[PDB]
Every structure is written in C-alpha cells, then in structure tokens.
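Q: My structure is below; once you've seen it, I'll send some questions.
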Amino acid sequence: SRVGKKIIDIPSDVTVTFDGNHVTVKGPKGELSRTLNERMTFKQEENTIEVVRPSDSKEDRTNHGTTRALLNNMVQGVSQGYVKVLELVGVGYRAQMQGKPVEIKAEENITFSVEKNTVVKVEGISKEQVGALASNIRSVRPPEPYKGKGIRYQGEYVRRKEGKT
Amino acid sequence: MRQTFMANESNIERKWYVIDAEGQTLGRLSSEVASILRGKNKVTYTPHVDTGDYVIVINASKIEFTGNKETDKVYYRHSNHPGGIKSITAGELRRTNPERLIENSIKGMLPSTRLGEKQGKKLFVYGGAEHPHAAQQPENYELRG
Amino acid sequence: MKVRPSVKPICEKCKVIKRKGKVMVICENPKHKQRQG
Amino acid sequence: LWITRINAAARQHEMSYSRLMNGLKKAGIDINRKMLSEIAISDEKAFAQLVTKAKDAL
Amino acid sequence: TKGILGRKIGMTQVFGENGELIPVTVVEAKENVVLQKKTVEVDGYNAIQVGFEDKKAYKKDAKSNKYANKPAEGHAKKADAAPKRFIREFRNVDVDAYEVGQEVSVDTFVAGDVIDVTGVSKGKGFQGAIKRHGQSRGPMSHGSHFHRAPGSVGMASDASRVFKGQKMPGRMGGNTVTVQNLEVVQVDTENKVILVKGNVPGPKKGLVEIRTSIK
RNA sequence: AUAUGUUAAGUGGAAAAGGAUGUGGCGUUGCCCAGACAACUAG
RNA sequence: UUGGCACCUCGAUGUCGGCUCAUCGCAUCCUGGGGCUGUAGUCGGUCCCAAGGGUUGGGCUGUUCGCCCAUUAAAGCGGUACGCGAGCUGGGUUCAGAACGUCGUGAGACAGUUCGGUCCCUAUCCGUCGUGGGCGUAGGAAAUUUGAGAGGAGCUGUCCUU
RNA sequence: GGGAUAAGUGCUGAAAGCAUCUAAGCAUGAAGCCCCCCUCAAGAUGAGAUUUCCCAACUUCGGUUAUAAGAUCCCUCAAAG
C-alpha cells in the first residue's frame, strides 16, 4: 500500500454514462458494463472525471485511490487499444514416446499441430481481460531455461539441469 | 404459603407474533425470541407451566453475521460410529436449508427439560416471506433492542 | 522457497511485504525467496 | 419469582426493574416485593400510579 | 429409460461368433402393462407403475392372495387391464412416451444393450462369522481350542464397549443386490424371453427388474 | 446502563529465544510551494 | 525410552511373545499435486501441501530383537492396561525332581547353562449382531418421496501410431 | 464428470506519485473433499410425510349396528426359516 495517494484524474473526451451502482463508458468501441464501489460517490459534472472522498479513513484512503485509476484505463480502453507483443520459438516438441496386453488408453504421445508460430499480438479494450488471455496463452509453454523455448515476453536465463527432483 | 397467584390451565392466553430477520444479527435476534417463547415478558409468568406465545420468522435467509464468521464457525455432529464426525461452515449452511440454522440457534438458548422441548415446538421458521398461518391472524412485533 | 521462523533481506535487491497475514521476502533472485511460518 | 414478575410488569411502562426499584426507594415507599407483584397482577391501574411516583423521583 | 419386469427361469450356455462359449440366463417377461403415471405437479416426481403376472378376478370366500376383488380390483379397473401380481416404479424412463394401459413388450431391448439387473438374494438363514464375513479359523491341532469362532470385539479399559458394526454372527441372505454393466445376448418375441450374458441374483421363479445402465 | 479511549485476532478463550512494512501513543530533530519527498540521466 | 516421586489397588487390578479380530493419529514407506537446486535426459538432493486406501512369503538366533533368501508400487513410524487369555496356545518367565561350572566349613546361594513339569467359570445389567410382540400416528390395501445413516472409492505391465 | 478448495502460478490494483497475487476484484490448481455422482436400509412423536383404490345400517354414530385381495385362529406346504 505504498502508492501516491494524490491522483491526476484527467478528463475523459469519450462519451460516459454513469447509472450510479453501475458505470458504462460507450465510445468508438467501448461499452464496457462494470459495477464499481458505492462507498465513495463521484462528481462527473461533465467530460472531466471526478470522485468524492467521504469518511476519510484507512479503508477510504485506499478505496478512493483504487476507483480513480479503476476508471482511468476503463475510458482509456474505450478510445485506445492495449496490445502486447509475444515472441517465442516454433517447433512443437512436447514429451517423448515416438508415434502419433493393452496400451495406456488407445494411442499416446501427441504434440501440437503448428498453425501460427509467429509473433502474436492480442487486440482488446479491457487491460484486465487482455492480461488474462495474454498470460493464458503464455502458459501454453513456460519459458524453459534451456534456450527460452516456449511463449514468453523477453525475460530469459540460460541453463541445462533437471537431475535432482 | 400465604398468597401468591399461580397460572395454570383455563387461565393462560397464548397469542401469535411475526418477527422479521431482515438485516439482523443471528445471536442478537435468537436471544430476544427465546425470552418470548418462554414468556418471561408476561406479568403472570409461572415456571412449572407454559405461558409463552408462538413466534414466526418470515425472512431468515437474509440473516447476517460479523467478521469472518461465515468462513469459520463450523457445525460438527457425530453419528455414534467410529470416525463418524461430519462438519459444515455457517456460510454454507445459510445458502442451503437456512431455516435449520436459525432453529438450532434459538433451540440452544432453551432449557433441556420436558417443558423445554414442548416450548421449542412453538417456533416456525421460513426462507421466503409468505407464511401459511393467516387463520391465526398474527401481528408484527418490533425487536426491543 | 525457504520456510524458517526468522526472515531477513539477504541483499538490498530483496524487498519484504505481507500477503494473507504472512511476512514474505519477494526478492528478484529465485534462490532468495523466503516465507515466515 | 416476584422479581421476575415485577421486571415484566415494569417493562410495559418503558422502565427497568433496577430503575423502578431505585426510584421507589427515593420516593419513600416501603412496599414488599411480594406485595408489589400481587398488586401488578390484579389492580393494574393502581400499579400505573406507583410507577408515576417513582418516575417523579427520578 | 427402457424398463421391464421378468421372472428368472434357469441358466444355460450359447455359442456366439468365432465359436466362443457364453453363459446366459433365461428371463421370461410377459403381460407387462402400465397401471399409472406419477407426475411432478401431483406427486413431485415423474414415474410409471408397471404390472407383471396375472391372476383370477372376482371371488367371495377366498383366504389366499390369488383371486378376490375390492381394493386391488378397483385400482386395476382404472386402466384397461386385469389384476397384476407384482407392481414396481421407474423414475429413469420418459413419462411422455407411455399411456395408462400400454403393453410394454420385449421389443424395446436390442442385442448388444447394456442393462442393470436387480432382485433379492437367496438366503442361508442364521450363519456364522466364518461364512457371513471372510474370516480365518484358528489352528485345527497343536492343542488349540479356537476353531470357527470370532476373536476380540474391543480393546480394554479405554472405551470399554463395542463400536457399532462389530461384524458378529446373524441372519444373512434376503438382500436387494443390483449387478451393473451386463449385456443382452439375444431377445425372443415368440416366447417373450431375454438372454442376459452372466448370472442375476435370486433363486428360480424369482422377480427381477431390468433397466438401461446409466454409466 | 452512562461517559471516554484501545484492539480486527474470535485476540479475548494456553508458552520462550527470536523475527516483522500491524497499530496507537509519547518524546528528541530536517527538509518543506527559494520548492522537500515519489517522478527521473549525467562520466 | 532408561530413570526420579510413592498419590489409587496386597479380604488379588494374575501373565512377555505369537494367533484371531480391530479402531485412531501423522512426525508420509507407496500412489497425487507443487518449489528450488553446485537442478545433463533418464533421474533425484531437499522443502511445502496432502491421511483416502494399500502396505509379502520363507530360513535362523531364544525371542520382543536382529541377520539372511526371494519378491513388491511399497515392504512407514506410533496410541489404545507396552490394544485384545470370563476369545486361543504355554514356547519364554516359570513351583516341588536331576546334572555341570564357580562360591561357601556346612544347610545352600549364582541377573550361570541344560532335560522334565495340572491355564477354573451355566452371562444378571450396560454394550454389540440379528429377529419378533404392544401401542402411537388421530386410517383398510398397495405403490412410493427421503439427505438423516452405512458402504465403496485413484494398483501394475506391455502394445502402438508426429 | 460436476462444484467450491490447499501448497502454488497468475491478471488487474491501491493509504512512499515506481513497485506489489491483495486491502477490493478475475482466473487456474490435488488420490484433494467430508461435497456431488454410484450402491444399500430409511416417516423421521421436529404426532408430520405422499398418491391411487375399496368400505354403512344401527340409531342422538351411546357405537345397540357393522362392513372392506380387512385381519386372523386352524389346515397342505417351501423360492423362507
């Protein structure tokens, strides 16, 4: 909880439609229905964004500091588009058995049919969802320490060991 | 043995009440209901006879707790079998069969005697807001906090 | 991931925080990660 | 038993046994607990007056 | 789905494809007629009552469960059918593909269908602890006085009592058993019989219920 | 019940060396719209 | 665990190992998830989470002990009067007989070794496993709803397709 | 197979203008798990349960009457004991 309490809270040029319990921002490709907190109220007199800080307590000191940045990206994603560049190596290597009185459930040893194997760029409006999917597809092949084989961002460390548990 | 009025049969008048559990602490509510069931608010209260009235909880599924009591406060129960111990969190006991959660709570604040069991059979708990006792014409009863 | 009663920052690159009421040393190095308990 | 009855009868006038008892003592009344309860059970009108006197002595 | 009631006749063998021996159990099932249709807006659960064997109708002085009137008669008069001997219920079949008075034939099943047989067991009466449960006996010689008897039934001072279910001697037999994952070798409509691959529980001329295996 | 405070663990309703970005009190100083302190680029 | 104290039992709380039958724990032997390695792949050093089930036949020393043979996915550590003799054996410890060695003037002693040597009871109460009679629901016959209860759950080895 | 879950891996994100799995929130994840699923006995004096069908003169239904594939008693028996 070591973050600058003071927030810029810049105005939003995109169209905004607050319904009290739920706030939706519809613009070029926004319209992201989301329910915020009802503790601290807002002061959206016009395009300029604003939120009130009632009670003034430890819980209100953080609650008011979260909503401010919680709507910042909300309207930011209604006009802009968060995109991440994912680099990796395309091979398909996955386990070993060779081939793709009874076998372990019919056939065995199946890798993945390489279809893309190129720098993928996710295009979304919600950073939260964008991050999830981005990491969800980045978990397919965790960056191995051998030669960094597998979906990743940039971080990588050379290694070659796996003999002790 | 000078003179002391003693209540008995053909002298006791029992009425009906309808308490609402809308946003009320489990323990705080049960405590009040218990007294009414025993009839400790009557001027003709007698310990060797039943002079209490009938209570009817309407909501009960909107009952709330304090702190992390919905995650803790487990309810254990044995089945008289080697290793037959079952448990269930209060929060999970409020979603399914919430009427039993209030019953037990109010039944744990009554004496464990023959009269205590008969006095605990005058309590009716529900989950919605519609009770099938319109023939008894029960009136509302504000909780004297 | 060491689990000892005493947890102190080994270097200045390691920072200490509190997650789920537990003192942990979220350090950059993977061999410098400790958790009290 | 008497105390219990009095408490119930004294709670119908927005008051507590401890508060009522205190007031009565300050008023100067010397009625017994067995007599106070007996009155409340029967002549309830008479009991009402008693409470008023105790409420006037604060 | 696909329920029926039949009687256990005996046990024989049938040669299948590639000259492979297959032990089967002859089950005769005829005169199957629906008697009622339990709904969810009148009972709270969908089900259908089915009869099995027939019997004689109206009779006066009759001190035997075979032929009379009144109670059973009336209930069987509701639908166009005669008094039944056995009656059961099925809450696994659809209650929209049947009609009060329909005749459940043995054409509903087809060779290669997995079914689950259900029925009561034979009965050996009062049995010992070496037969009821798989227990071992003590030395038969070497100056031993412990043969087909049970051992200890508890510990000592601590918890000085016997825990529920100490596996002691008692009556063992009449129990409802249900064999799962069976098979229908071949179905005959001429004699209205079904050939199940294996052996169902119960003695000869006993009541058995068949149902399509869920798994 | 009244009046004022403390605690967020069910502490209350079991222990110690030690460990720790919990929190409230007291003190003693060092900077502060010449602009501290986040933010940040010169070797 | 070996001990310290001497509070219950000397008008008796009568027994070491094995046999039969069990329950409970977790400081985890096997199977399941993970983390980090001065962690080549296989494989395993350590650490964390996890108790549901499963945990072998023989030879021998007197056996609780231990050593060996051959297996197994594994042959885990404990608690319950060092679980269990009104359920079993009597090998051990063991009582009157008799040898050997040391000790004693001798009767004899030895936490020395050896052969032989009677283990009593018709279940009243609670408890447990089965099975009926009597009433009660304001019911004569069938067919049932059921979450209250019990049981069962995750072991191996090949085949064969990037 | 389904639902929450543990260690753990995360995604956003704030009471040091950075950071941070966290104080809100969104995920994922065990022979985990008692849950659900499967098998069996089961009306619960918290008199309870439910459905279908059958059964009337006495005589103020006092029971003077009584009826119901309504119960036995007794007799031939075994898929039961």
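Letters for chains follow the order of the structure tokens (A, B, ...), residue numbers begin at 1 for each chain, and ligand numbers begin at 1 in the order shown.
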Dump as a list in words the residues of chain G that approach chain E to within 8 Å, counting only C-alpha atoms (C1' of nucleotides).
A: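 Close enough to count are residues 19, 20, 21, 22, 80, 81, 83, 84, 87, 88, 89, 127, 128, 129, 130, 141, 142, 143 and 145 of chain G.
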Q: Which polymer residues have any atom within 6 Å of an atom of segment 13-25 of chain C, counting only C-alpha atoms (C1' of nucleotides), with same-chain residues fewer than 3 positions away left out, as an MDAnalysis selection string?
A: chainID C and resid 9 33:36
Q: Could the residues in this selection be written to a file with N, CA, C and O atoms, as a tab-separated table (two decimals), in the first residue's frame?
A:
chain	number	residue	atom	x	y	z
C	9	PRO	N	16.02	-9.64	4.85
C	9	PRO	CA	16.53	-9.40	3.49
C	9	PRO	C	18.02	-9.74	3.39
C	9	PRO	O	18.81	-9.17	4.13
C	33	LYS	N	14.14	-16.32	-2.13
C	33	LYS	CA	12.70	-16.23	-1.77
C	33	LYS	C	12.46	-17.00	-0.46
C	33	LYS	O	12.66	-18.23	-0.46
C	34	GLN	N	12.04	-16.29	0.59
C	34	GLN	CA	11.76	-16.92	1.91
C	34	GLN	C	10.35	-16.55	2.37
C	34	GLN	O	9.81	-15.55	1.86
C	35	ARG	N	9.79	-17.33	3.30
C	35	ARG	CA	8.42	-17.07	3.83
C	35	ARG	C	8.37	-17.48	5.31
C	35	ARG	O	8.71	-18.64	5.61
C	36	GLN	N	7.95	-16.56	6.18
C	36	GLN	CA	7.86	-16.84	7.64
C	36	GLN	C	6.71	-17.82	7.89
C	36	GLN	O	5.70	-17.75	7.17
Q: Report the residues of chain B whose backbone DSSP state falls under strand (DSSP E or B), written as a ChimeraX atom specification.
A: /B:16-19,25,54-57,64,74,77-78,85-86,89,123-125,139-140
Q: Can you list, as a VMD selection string, every protein, DNA or RNA residue that comes within 12 Å of residue 16 of chain D when you count only C-alpha atoms (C1' of nucleotides), leaving out same-chain residues fewer than 2 positions away?
A: (chain B and resid 41) or (chain D and resid 3 to 14 18 to 23 51 54 to 55) or (chain F and resid 1)
Q: For segment 8-15 of chain H, please output as a VMD selection string all residues within 10 Å (counting only C-alpha atoms (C1' of nucleotides); exclusion window: fewer than 4 positions along the same chain).
A: (chain A and resid 1 to 5 57 to 70 126 to 136 139) or (chain G and resid 33 to 35 48 to 49) or (chain H and resid 20 to 29)
Q: Please check the contacts: residues of chain B at most 8 Å away from chain H, using only C-alpha atoms (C1' of nucleotides), listed as a PyMOL selection string.
A: chain B and resi 86-87+121
Q: What separation in Å, quoted to one decimal, exists between atom CA of residue 122 of chain E and atom CA of residue 187 of chain E?
A: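 Going from atom CA of residue 122 of chain E over to atom CA of residue 187 of chain E covers 26.3 Å.
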Q: Restrict the distance test to only C-alpha atoms (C1' of nucleotides), flag each residue of chain E within 9 Å of chain H, and return the flagged residues as a ChimeraX atom specification.
A: /E:36,38,42-43,62-76,78,122-123,125,175-178,202-206
Q: Could the residues in this selection be saved with N, CA and C atoms as an mmCIF file, in the first residue's frame?
A:
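See part_4.cif below for the written result:
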data_model
loop_
_atom_site.group_PDB
_atom_site.id
_atom_site.type_symbol
_atom_site.label_atom_id
_atom_site.label_comp_id
_atom_site.auth_asym_id
_atom_site.auth_seq_id
_atom_site.Cartn_x
_atom_site.Cartn_y
_atom_site.Cartn_z
ATOM 1 N N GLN E 36 -50.203 -46.755 -13.937
ATOM 2 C CA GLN E 36 -50.354 -45.337 -13.512
ATOM 3 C C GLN E 36 -49.210 -44.496 -14.089
ATOM 4 N N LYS E 38 -47.148 -41.248 -12.507
ATOM 5 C CA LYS E 38 -46.889 -40.215 -11.469
ATOM 6 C C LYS E 38 -46.300 -38.965 -12.130
ATOM 7 N N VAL E 42 -48.383 -33.393 -9.216
ATOM 8 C CA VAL E 42 -49.398 -34.145 -8.419
ATOM 9 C C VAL E 42 -48.676 -34.999 -7.370
ATOM 10 N N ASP E 43 -47.402 -35.321 -7.615
ATOM 11 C CA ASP E 43 -46.608 -36.151 -6.669
ATOM 12 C C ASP E 43 -45.272 -35.458 -6.378
ATOM 13 N N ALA E 62 -62.403 -66.244 -0.052
ATOM 14 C CA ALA E 62 -61.085 -66.615 -0.619
ATOM 15 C C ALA E 62 -59.975 -66.172 0.340
ATOM 16 N N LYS E 63 -59.522 -67.082 1.208
ATOM 17 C CA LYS E 63 -58.453 -66.768 2.195
ATOM 18 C C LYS E 63 -57.084 -67.087 1.584
ATOM 19 N N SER E 64 -56.746 -66.426 0.473
ATOM 20 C CA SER E 64 -55.448 -66.643 -0.219
ATOM 21 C C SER E 64 -55.187 -65.493 -1.197
ATOM 22 N N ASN E 65 -53.924 -65.077 -1.326
ATOM 23 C CA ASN E 65 -53.553 -63.976 -2.254
ATOM 24 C C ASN E 65 -53.495 -64.535 -3.679
ATOM 25 N N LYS E 66 -54.657 -64.728 -4.310
ATOM 26 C CA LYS E 66 -54.697 -65.284 -5.689
ATOM 27 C C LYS E 66 -55.915 -64.742 -6.447
ATOM 28 N N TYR E 67 -57.091 -64.710 -5.808
ATOM 29 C CA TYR E 67 -58.308 -64.226 -6.513
ATOM 30 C C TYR E 67 -59.355 -63.694 -5.527
ATOM 31 N N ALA E 68 -59.796 -62.450 -5.757
ATOM 32 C CA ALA E 68 -60.830 -61.748 -4.956
ATOM 33 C C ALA E 68 -61.229 -60.453 -5.675
ATOM 34 N N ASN E 69 -61.533 -59.389 -4.920
ATOM 35 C CA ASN E 69 -61.940 -58.098 -5.542
ATOM 36 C C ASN E 69 -61.632 -56.927 -4.598
ATOM 37 N N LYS E 70 -62.482 -55.893 -4.641
ATOM 38 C CA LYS E 70 -62.388 -54.661 -3.805
ATOM 39 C C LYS E 70 -61.118 -53.859 -4.120
ATOM 40 N N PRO E 71 -60.276 -53.537 -3.112
ATOM 41 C CA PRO E 71 -59.066 -52.711 -3.283
ATOM 42 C C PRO E 71 -58.254 -52.844 -4.581
ATOM 43 N N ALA E 72 -57.485 -53.929 -4.712
ATOM 44 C CA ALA E 72 -56.628 -54.146 -5.902
ATOM 45 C C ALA E 72 -57.466 -54.100 -7.185
ATOM 46 N N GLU E 73 -58.629 -54.758 -7.179
ATOM 47 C CA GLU E 73 -59.525 -54.805 -8.366
ATOM 48 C C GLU E 73 -59.762 -53.387 -8.897
ATOM 49 N N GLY E 74 -60.381 -52.528 -8.084
ATOM 50 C CA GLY E 74 -60.684 -51.141 -8.486
ATOM 51 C C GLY E 74 -59.482 -50.438 -9.096
ATOM 52 N N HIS E 75 -58.354 -50.421 -8.381
ATOM 53 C CA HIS E 75 -57.125 -49.737 -8.866
ATOM 54 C C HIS E 75 -56.720 -50.282 -10.240
ATOM 55 N N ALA E 76 -56.942 -51.579 -10.475
ATOM 56 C CA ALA E 76 -56.588 -52.215 -11.765
ATOM 57 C C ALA E 76 -57.693 -51.955 -12.796
ATOM 58 N N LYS E 78 -59.051 -48.980 -13.215
ATOM 59 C CA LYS E 78 -58.798 -47.605 -13.728
ATOM 60 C C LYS E 78 -58.340 -47.701 -15.186
ATOM 61 N N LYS E 122 -30.881 -65.135 -2.255
ATOM 62 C CA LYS E 122 -31.489 -66.427 -1.837
ATOM 63 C C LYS E 122 -31.761 -66.405 -0.329
ATOM 64 N N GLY E 123 -30.731 -66.666 0.481
ATOM 65 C CA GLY E 123 -30.884 -66.681 1.948
ATOM 66 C C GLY E 123 -30.351 -67.970 2.546
ATOM 67 N N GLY E 125 -30.099 -68.180 6.028
ATOM 68 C CA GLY E 125 -30.579 -68.140 7.423
ATOM 69 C C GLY E 125 -29.476 -67.737 8.388
ATOM 70 N N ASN E 175 -31.407 -59.965 0.616
ATOM 71 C CA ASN E 175 -30.878 -58.582 0.465
ATOM 72 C C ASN E 175 -31.077 -58.130 -0.985
ATOM 73 N N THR E 176 -31.338 -56.837 -1.192
ATOM 74 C CA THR E 176 -31.546 -56.291 -2.559
ATOM 75 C C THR E 176 -30.186 -55.997 -3.201
ATOM 76 N N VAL E 177 -29.771 -56.826 -4.163
ATOM 77 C CA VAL E 177 -28.468 -56.634 -4.866
ATOM 78 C C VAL E 177 -28.759 -56.143 -6.288
ATOM 79 N N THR E 178 -27.837 -55.372 -6.873
ATOM 80 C CA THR E 178 -28.031 -54.835 -8.246
ATOM 81 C C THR E 178 -26.738 -54.985 -9.055
ATOM 82 N N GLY E 202 -30.750 -64.019 -6.975
ATOM 83 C CA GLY E 202 -32.085 -64.560 -6.656
ATOM 84 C C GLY E 202 -32.210 -66.027 -7.021
ATOM 85 N N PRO E 203 -33.229 -66.753 -6.507
ATOM 86 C CA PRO E 203 -33.416 -68.170 -6.822
ATOM 87 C C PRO E 203 -34.278 -68.362 -8.079
ATOM 88 N N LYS E 204 -34.705 -69.602 -8.337
ATOM 89 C CA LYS E 204 -35.545 -69.913 -9.524
ATOM 90 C C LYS E 204 -36.951 -69.337 -9.318
ATOM 91 N N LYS E 205 -37.631 -68.994 -10.417
ATOM 92 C CA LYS E 205 -39.003 -68.415 -10.369
ATOM 93 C C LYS E 205 -39.015 -67.210 -9.420
ATOM 94 N N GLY E 206 -38.057 -66.294 -9.590
ATOM 95 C CA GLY E 206 -37.965 -65.083 -8.751
ATOM 96 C C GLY E 206 -38.197 -63.828 -9.573
#
Q: Enter the distance from atom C1' of residue 140 of chain G to atom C1' of residue 49 of chain H, in Å, rounded to one decimal.
A: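 Value for the atom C1' of residue 140 of chain G-atom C1' of residue 49 of chain H distance: 18.9 Å.
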